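Beneath this line is the structure, given in structure tokens, with notes to follow.
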Protein chains: 2
Amino acid sequence: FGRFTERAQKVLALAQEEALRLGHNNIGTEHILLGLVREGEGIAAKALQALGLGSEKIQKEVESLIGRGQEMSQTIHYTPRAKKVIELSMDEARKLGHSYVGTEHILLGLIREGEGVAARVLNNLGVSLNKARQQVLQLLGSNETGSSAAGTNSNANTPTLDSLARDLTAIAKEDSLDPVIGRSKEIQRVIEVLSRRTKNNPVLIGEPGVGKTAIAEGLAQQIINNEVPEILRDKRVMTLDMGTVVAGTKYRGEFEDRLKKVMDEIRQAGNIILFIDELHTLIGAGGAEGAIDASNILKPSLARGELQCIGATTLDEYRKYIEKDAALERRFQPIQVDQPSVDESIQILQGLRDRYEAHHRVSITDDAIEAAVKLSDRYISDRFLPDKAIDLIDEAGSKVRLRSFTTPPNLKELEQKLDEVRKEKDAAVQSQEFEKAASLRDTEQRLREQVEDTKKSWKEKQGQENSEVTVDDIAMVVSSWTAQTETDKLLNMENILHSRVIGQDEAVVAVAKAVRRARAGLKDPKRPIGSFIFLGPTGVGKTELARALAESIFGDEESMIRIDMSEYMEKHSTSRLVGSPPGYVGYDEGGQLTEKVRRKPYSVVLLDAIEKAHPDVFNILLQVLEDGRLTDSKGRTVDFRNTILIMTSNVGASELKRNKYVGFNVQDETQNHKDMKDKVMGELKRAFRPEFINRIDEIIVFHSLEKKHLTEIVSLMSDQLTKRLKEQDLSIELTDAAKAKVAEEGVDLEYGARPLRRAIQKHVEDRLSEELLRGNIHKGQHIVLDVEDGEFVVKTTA
Amino acid sequence: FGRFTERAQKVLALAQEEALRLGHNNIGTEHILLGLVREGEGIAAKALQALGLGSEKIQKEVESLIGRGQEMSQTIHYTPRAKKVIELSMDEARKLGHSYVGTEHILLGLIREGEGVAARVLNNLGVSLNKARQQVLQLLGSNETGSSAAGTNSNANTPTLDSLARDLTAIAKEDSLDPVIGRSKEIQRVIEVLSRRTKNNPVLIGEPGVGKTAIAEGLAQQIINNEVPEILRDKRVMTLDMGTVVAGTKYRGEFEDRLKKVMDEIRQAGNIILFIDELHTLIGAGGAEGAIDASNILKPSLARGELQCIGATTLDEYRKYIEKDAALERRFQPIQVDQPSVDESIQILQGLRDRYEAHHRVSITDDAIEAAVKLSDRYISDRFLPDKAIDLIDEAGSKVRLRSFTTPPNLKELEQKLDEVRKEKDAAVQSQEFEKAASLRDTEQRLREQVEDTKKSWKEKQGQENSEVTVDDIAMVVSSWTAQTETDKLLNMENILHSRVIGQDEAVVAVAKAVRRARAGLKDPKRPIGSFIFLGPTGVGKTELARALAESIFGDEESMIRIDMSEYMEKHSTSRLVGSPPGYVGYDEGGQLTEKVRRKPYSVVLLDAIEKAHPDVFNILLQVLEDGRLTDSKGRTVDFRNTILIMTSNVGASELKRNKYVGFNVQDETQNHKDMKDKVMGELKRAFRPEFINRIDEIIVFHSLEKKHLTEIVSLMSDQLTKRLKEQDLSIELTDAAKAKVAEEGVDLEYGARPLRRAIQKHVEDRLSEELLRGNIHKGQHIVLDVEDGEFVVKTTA
């Protein structure tokens with residue numbers, strides 16, 4: 001554990017004085033012993049003086065064992081023996097108070113490490129080693145706060161409060177408690193409803209997801225001082241813990257027996273407050289199974305005010321309590337939960353940012369703290385806005401703390417050398433090769449001493465990271481989940497989406513820019529990072545872009561969902577038939593869509609061809625587009641304020657018969673585009689509401705594959721070919737001449753850039769394999785697929 | 001005993017010396033004893049000098065029990081007692097630490113195997129036998145690395161680290177650790193995410209499927225030494241294990257109580273790292289079922305950093321924890337796991353070849369290794385890309401290592417002789433045949449000495465097989481699953497597919513070649529062996545070829561799935577049974593179809609008559625055609641990379657149904673061909689999808705069964721008939737004249753090779769049976785069914 005009290009360190013440094021003063025090159029146990037008694041007072045030092053051991057008396061013994069008798073003081077850092085005394089002391093302070101380890105613990109630790117020169121000194125100077133450790137103990141008590149006895153009461157309260165367990169107030173009368181950052185507005189509202197008698201019970205609703213106990217510590221504090229009335233005469237607050245009751249049992253019946261007994265003992269009523277966490281599980285009400293039905297006991301308890309209690313339930317949970325009556329709905333009555341505003345969130349963080357010093361990197365930096373919150377709300381994007389935050393500070397608060405090790409100036413090399421030596425050295429003694437190991441050894445220890453010397457030059461490795469908490473660090477971690485690894489993604493988004501889509505560049509820059517809005521925090525944090533409709537034929541660049549987004553935004557291509565909407569018609573069921581009549585709204589809500597998006601929450605959701613689905617599906621999607629939520633299966637709210645929703649649509653292809661082609665003019669791209677983009681725009685509305693499209697952030701337009709995009713998609717695919725065969729040692733290339741001939745297959749009025757994959761199969765995969773069987777090609781020869789006669793021709797060029 | 005230490009062997013060879021040196025023909029226990037003490041100062045030898053038993057003292061006793069005078073030393077190999085002492089020492093090396101087998105064990109093993117002449121030597125020379133076995137032990141009875149006492153302690157760390165559980169650091173401090181070739185990028189990505197103080201929990205998601213523990217051994221070492229953030233101050237690494245908890249219990253409640261208890265002791269927080277293996281089981285909730293909801297305790301534990309932990313999760317698990325929140329959403333965070341790239345895979349293998357030298361059939365050959373990976377990757381294809389390989393190395397590194405001792409050059413025959421004698425010999429004395437056993441013994445034992453002599457002449461067959469691990473070797477093991485037994489299959493593929501199907505030979509060579517392409521590489525490793533559609537009127541050769549593929553490639557005639565798509569079209573099969581829509585895709589995806597293909601991996605999947613299946617069926621097939629995966633039941637991804645998909649159809653039926661003649665025309669067939677290759681192949685596209693046909697690797701056209709093929713199919717079938725009756729001893733033949741007459745049923749314009757079975761049935765089975773019953777023909781005589789008047793006549797022949 002880092003950072004201790006002086007008294008420990010002080011005894012240690014006194015060893016170092018003895019290091020040189022007796023000259024022992026590695027500061028032995030003899031010097032440590034002298035160190036303890038030379039710190040004079042402080043229980044370790046003091047202890048030795050009690051048993052009759054002066055610093056003198058010790059040193060007389062010490063010099064008779066190693067003497068002077070060294071004065072070189074070579075590499076005067078400790079012995080491993082002495083290093084053990086320190087490891088032990090740390091633990092003798094774990095053992096005895098001190099997290100910030102002190103001297104006392106060090107003599108205690110010494111006794112533990114009763115070895116060699118130390119040990120023999122005291123047992124020669126008529127003091128048993130444990131007589132010394134004893135001595136420390138019997139003066140010790142270490143560290144204490146808010147504790148010391150002198151008198152307590154007994155009252156009717158005695159049987160009850162034991163069991164079962166806990167009291168926020170107790171630990172706060174021995175304080176370390178934090179508010180924790182309000183979470184203010186609940187706390188008043190409970191005490192009115194608590195100092196009630198015919199609804200003696202408050203009921204807190206909402207925010208789970210707030211760290212309920214933070215509000216509770218709020219309550220604790222406020223129930224003490226001083227708004228409480230004589231309508232709360234001598235009220236004391238004890239917290240329900242499910243864990244102690246369930247522990248030590250193996251049947252439901254045993255828990256209930258204990259619970260029955262407890263409900264009886266709460267009879268100290270009119271003086272007791274019970275806090276009941278997770279109240280719903282215990283009520284057991286309604287549905288298929290509300291769980292354990294403690295409610296039966298609970299209901300009269302609540303009514304009596306014996307269980308004058310505070311119930312912690314949630315949005316849906318309340319149903320399973322108001323359903324019970326008339327001593328569970330005649331118990332409940334609700335009051336409204338709160339938590340730190342988005343900026344306030346930031347501030348909570350800051351407060352224990354600096355208190356990360358047991359955690360370095362962070363301490364500090366506000367802009368970074370702010371980054372933690374702000375960047376997160378949109379980048380995963382489903383938690384609480386301060387909880388998210390501190391983790392980013394801290395991740396980055398280590399990532400960067402890590403970045404020290406490799407880059408101080410790159411003084412990682414010192415250690416590297418010391419490695420190379422050790423090896424040489426060691427192995428040289430093992431063959432021996434003695435004086436030939438010797439010099440390697442000398443080379444080793446040259447290096448070694450340098451390492452430990454420069455390791456406290458690597459307080460620069462603290463000075464690098466331990467306040468560079470800055471924005472960027474934080475951003476990298478938020479992107480890790482999903483400045484630093486987010487703004488290269490932002491600035492170059494079109495370029496990056498372009499680097500995996502060359503199927504419709506128009507589309508790439510458009511999607512890029514919308515993503516850059518959201519990804520820079522310029523959109524609602526209650527709407528997805530993108531809603532889109534992609535008009536045109538299937539996979540013109542469409543499908544490829546969904547992929548390219550995963551790739552660009554998250555750095556993870558493996559964060560892309562993909563569901564075909566043409567299968568979820570709901571009412572285009574035979575009106576645009578796709579052979580799937582039953583289920584459909586039940587299929588998306590009831591499990592499929594919703595389960596999938598829960599897996600990766602920042603997933604490019606690719607809803608293929610939404611033209612073939614009726615305007616009704618779009619209402620479900622609308623909840624994403626508005627709320628940034630979907631409300632579905634097993635009472636989940638899946639926050640779609642994350643994700644990239646990308647809906648492609650056959651709103652193009654079906655009508656489409658004009659070609660967005662550069663080869664028939666540039667005026668053939670953008671006015672055939674416009675021609676389909678008009679016939680599209682009435683099919684757009686017919687398949688997915690205008691209301692839908694009104695809450696869809698952007699309408700991305702593609703149309704049948706361009707001149708120009710094909711041979712670039714093909715030249716990537718042919719290159720995927722050239723790369724996947726090279727790893728296992730085969731060089732293939734399709735020249736530009738061959739990538740061109742392959743590309744011609746998709747041009748289209750209705751297809752897209754889908755057939756390109758096949759034309760790569762036929763002209764590359766298939767073509768190479770019929771050449772390997774032939775004996776045209778060989779291992780690692782470059783196999784050129786070129787066009788020379790309007791057909792592929794295989795040349796060898798290696 | 002496995003190249004297991006000299007000291008054993010060393011004491012032993014001195015026995016052989018003593019064997020002849022006093023004249024013992026089987027080296028008795030007296031010579032073994034001498035061997036020990038004449039080996040001077042090994043543990044065995046040394047011990048005896050302690051017991052007072054000098055080599056002299058021993059030998060004096062020894063010569064007085066046997067001593068003289070079998071100086072001829074007939075064969076001198078051991079006495080069976082002495083062979084036991086050696087067998088015992090191996091166990092005595094288990095017993096007294098030594099992986100290898102050395103001296104202590106031999107004296108201890110000797111005492112253990114006290115026996116006659118040895119035993120009497122020490123008990124005559126005033127030495128108790130157990131005093132001796134003691135004596136060896138108490139000098140050496142150990143071999144040690146790492147561990148060895150010297151005393152160290154820590155305090156608060158005690159209750160936690162005790163419980164529960166395994167410590168990777170411990171085995172790495174005692175150090176028997178092997179890296180084992182990581183899987184590096186995880187370790188960094190864990191340590192940012194670990195060295196937090198809020199989401200201080202890493203969560204590893206990846207292929208499991210690499211051996212998660214490789215990353216773990218990665219972590220272990222790197223968290224200790226030596227560049228790690230200050231957040232991770234004075235860390236200790238403890239791995240958790242469910243297995244010890246569940247053992248010795250049989251009720252859930254105790255396991256949970258213990259989990260609560262553990263959660264408490266981890267309070268050494270900010271100084272402890274917990275590794276939670278099999279994290280999923282604990283997390284529970286989600287889906288329709290949990291997994292054990294320890295999560296309740298675990299979630300705050302993770303947030304607190306007391307259970308600052310590393311979670312080793314799965315595909316699905318992340319969903320059911322970020323769904324839980326917010327000490328499970330702001331706790332968890334994923335990072336991407338590595339595996340050794342396909343070429344790298346090869347290298348991992350290679351690395352453990354040399355250590356497969358106690359397996360003595362690796363190292364070598366490189367080409368075999370390279371192959372090990374590569375041949376498996378494309379076929380079988382039942383595993384991930386690196387695992388397959390090493391298994392082949394070792395398999396074949398035993399198949400052939402067996403071929404060592406199966407044949408010497410074929411000098412196995414020597415031993416065979418010794419046997420034949422022994423039998424005769426023994427039994428001859430048991431009846432006796434006194435001297436009539438003599439010569440048999442002499443012939444036997446002649447053989448015997450020669451046998452044991454030639455068994456170490458069969459170090460030559462070891463130098464033959466026992467390091468080789470060949471391409472051929474590897475191939476053979478891959479064939480065992482399914483070079484050597486793959487390339488005869490490859491080279492002759494058309495011929496072999498031809499040998500079971502003659503029906504449209506045009507089709508056979510094509511199909512053959514497509515398999516040979518994939519099966520000889522240069523196709524995506526993810527993609528299937530072949531996607532195809534085979535058109536032609538029902539079973540032209542189509543079905544039969546699917547069979548022939550199974551037959552040829554796998555060595556099993558059938559290992560071929562077979563589904564009729566017309567029953568679950570996704571088109572018209574909505575309401576074939578039921579009056580309402582529920583059905584068709586639900587069977588296909590939902591389990592039925594997919595489970596069947598899941599059973600055999602290398603399986604020709606035959607989806608019959610897809611002619612009027614919806615475009616939807618094709619999308620499902622398409623996932624195979626593109627990715628080479630199918631997405632189905634229990635959230636499993638079945639990697640279609642060994643399936644051979646063959647979909648048959650009569651989609652534009654009429655045009656297919658115009659023969660590929662030959663025996664009628666030879667040029668109307670190649671004009672039916674082009675014609676069926678458009679109206680059919682476009683109805684194919686119209687009922688399927690053009691995208692479907694476009695990612696189908698090859699569309700094979702079979703016409704109606706050639707006029708031509710029939711008497712050759714008939715000559716397989718009619719002969720298959722003649723062969724199935726021969727097994728229980730009946731010889732039937734249909735002459736060429738009668739096989740010609742059988743072929744006549746279908747000659748075809750609208751039908752396949754289906755009516756041929758029926759016509760064999762009529763013309764062979766039915767025809768023989770009405771003649772066997774009437775006594776024209778009988779058992780064990782040859783039944784000629786001939787034509788000699790344009791109709792069958794049953795003739796009799798020898």
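Each chain in the structure tokens gets a letter, A, B and so on, in the order shown; residues start at 1 in every chain, and ligands are counted from 1 in the order they appear.
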
Write out as a tab-separated table a residue-level contact list of chain A versus chain B with cut-off 7 Å: for each qualifying residue the closest pair of atoms and the distance in Å to one decimal, counting only C-alpha atoms, rows sorted by chain and residue number upward.
residue	atom	partner	partner_atom	distance
A:1	CA	B:234	CA	5.7
A:2	CA	B:233	CA	6.8
A:88	CA	B:154	CA	6.1
A:91	CA	B:155	CA	4.7
A:92	CA	B:155	CA	6.7
A:94	CA	B:156	CA	5.8
A:95	CA	B:155	CA	6.0
A:209	CA	B:326	CA	5.7
A:247	CA	B:257	CA	4.5
A:248	CA	B:257	CA	6.1
A:249	CA	B:253	CA	5.9
A:250	CA	B:253	CA	4.3
A:358	CA	B:231	CA	5.8
A:359	CA	B:231	CA	3.7
A:360	CA	B:231	CA	5.5
A:383	CA	B:326	CA	5.9
A:387	CA	B:330	CA	6.2
A:388	CA	B:330	CA	5.6
A:390	CA	B:198	CA	6.4
A:391	CA	B:198	CA	4.9
A:394	CA	B:196	CA	4.4
A:395	CA	B:196	CA	4.9
A:396	CA	B:192	CA	6.8
A:397	CA	B:196	CA	6.6
A:398	CA	B:192	CA	5.0
A:399	CA	B:192	CA	4.6
A:401	CA	B:229	CA	5.4
A:402	CA	B:229	CA	5.8
A:405	CA	B:227	CA	6.0
A:481	CA	B:333	CA	6.1
A:578	CA	B:616	CA	7.0
A:579	CA	B:570	CA	5.4
A:581	CA	B:581	CA	6.4
A:582	CA	B:582	CA	6.5
A:598	CA	B:319	CA	5.2
A:599	CA	B:319	CA	3.9
A:725	CA	B:522	CA	6.9
A:727	CA	B:343	CA	6.3
A:728	CA	B:343	CA	6.0
A:755	CA	B:694	CA	6.8
A:758	CA	B:695	CA	5.8
A:765	CA	B:523	CA	5.7
A:768	CA	B:522	CA	6.9
A:769	CA	B:517	CA	5.3
A:770	CA	B:517	CA	6.8

(Q) Can you tell me which residues surround residue 118 (chain B) at a distance of at most 12 Å, considering only C-alpha atoms, apart from same-chain residues fewer than 6 positions away, and format the answer as JSON, numbers by chain? (A) {"B": [15, 27, 28, 29, 30, 31, 32, 33, 34, 35, 36, 58, 59, 61, 62, 63, 65, 66, 79, 81, 82, 85, 107, 109, 110, 111, 112, 124, 125, 127, 128, 129, 132]}

Could you list, as a PDB file with N, CA and C atoms, in the first residue's frame, every residue within 6 Å of residue 70 (chain B), counting only C-alpha atoms and ignoring same-chain residues fewer than 3 positions away?
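Output contents, as saved in selection26.pdb:
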ATOM      1  N   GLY B  23      28.828 -65.306 -12.724  1.00  0.00           N
ATOM      2  CA  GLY B  23      28.244 -66.341 -13.474  1.00  0.00           C
ATOM      3  C   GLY B  23      26.846 -66.516 -12.991  1.00  0.00           C
ATOM      4  N   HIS B  24      25.955 -65.797 -13.665  1.00  0.00           N
ATOM      5  CA  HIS B  24      24.554 -65.793 -13.496  1.00  0.00           C
ATOM      6  C   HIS B  24      24.126 -65.459 -14.870  1.00  0.00           C
ATOM      7  N   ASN B  25      23.074 -66.140 -15.336  1.00  0.00           N
ATOM      8  CA  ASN B  25      22.676 -66.119 -16.716  1.00  0.00           C
ATOM      9  C   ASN B  25      21.491 -65.234 -16.845  1.00  0.00           C
ATOM     10  N   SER B  73      26.610 -66.796 -19.076  1.00  0.00           N
ATOM     11  CA  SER B  73      25.725 -65.710 -18.842  1.00  0.00           C
ATOM     12  C   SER B  73      24.661 -65.632 -19.892  1.00  0.00           C
TER      13      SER B  73
END

Q: Would you please give, as a PyMOL selection string, all residues of region 73-126 of chain A that DSSP assigns to helix (DSSP H, G or I) based on the backbone?
A: chain A and resi 80-94+103-112+116-124

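One distance worth recording is that between CA of residue 485 (chain A) and CA of residue 403 (chain A), which is 14.3 Å.
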
Q: Give me the residues within 7 Å of residue 142 (chain B) as number ranges by chain, counting only C-alpha atoms and dropping any in the same chain fewer than 5 places off.
A: B: 96-98

Q: Excluding region 456-461 of chain B and any residue of its chain fewer than 2 positions from it, enumerate the residues within 10 Å of it, using only C-alpha atoms, and give them as a PyMOL selection string.
A: chain B and resi 400-412+450-454+463-466

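Going from CA of residue 380 (chain B) over to CA of residue 641 (chain B), you cover 7.9 Å.
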
Q: Find the residues near residue 604 (chain A): any atom within 6 Å, counting only C-alpha atoms, skip ones fewer than 3 places away on the same chain, and give them as a VMD selection string.
A: chain A and resid 560 to 561 643 to 645

Pull N, CA and C atoms from the residues just selected and write them as a JSON list (two decimals), in the first residue's frame.
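Contents of selection19.json, freshly written:
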[["chain", "number", "residue", "atom", "x", "y", "z"],
["A", 560, "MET", "N", -22.01, -4.64, -35.21],
["A", 560, "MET", "CA", -22.93, -4.32, -36.27],
["A", 560, "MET", "C", -23.96, -5.42, -36.24],
["A", 561, "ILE", "N", -25.22, -5.05, -35.90],
["A", 561, "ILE", "CA", -26.42, -5.84, -36.04],
["A", 561, "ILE", "C", -26.86, -5.85, -37.49],
["A", 643, "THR", "N", -26.32, 3.42, -30.49],
["A", 643, "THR", "CA", -26.57, 2.66, -31.71],
["A", 643, "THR", "C", -26.44, 3.53, -32.93],
["A", 644, "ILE", "N", -26.23, 2.93, -34.12],
["A", 644, "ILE", "CA", -26.45, 3.66, -35.34],
["A", 644, "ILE", "C", -27.52, 2.92, -36.08],
["A", 645, "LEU", "N", -28.76, 3.45, -36.07],
["A", 645, "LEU", "CA", -29.85, 2.88, -36.82],
["A", 645, "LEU", "C", -29.67, 3.34, -38.25]]

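Of the listed residues (A:278, A:6, A:265, A:786), A:278 comes nearest to residue 292 (chain A); the distances count only C-alpha atoms.
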
(Q) I'd like the contact shell of residue 160 (chain B) - 9 Å cut-off, only C-alpha atoms, skipping same-chain residues fewer than 5 positions apart - returned as a ChimeraX atom specification. (A) /B:262-268

Q: Report the distance between CA of residue 537 (chain B) and CA of residue 567 (chain B) in Å, rounded to one decimal place.
A: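 That distance, rounded to one decimal, is 18.4 Å.
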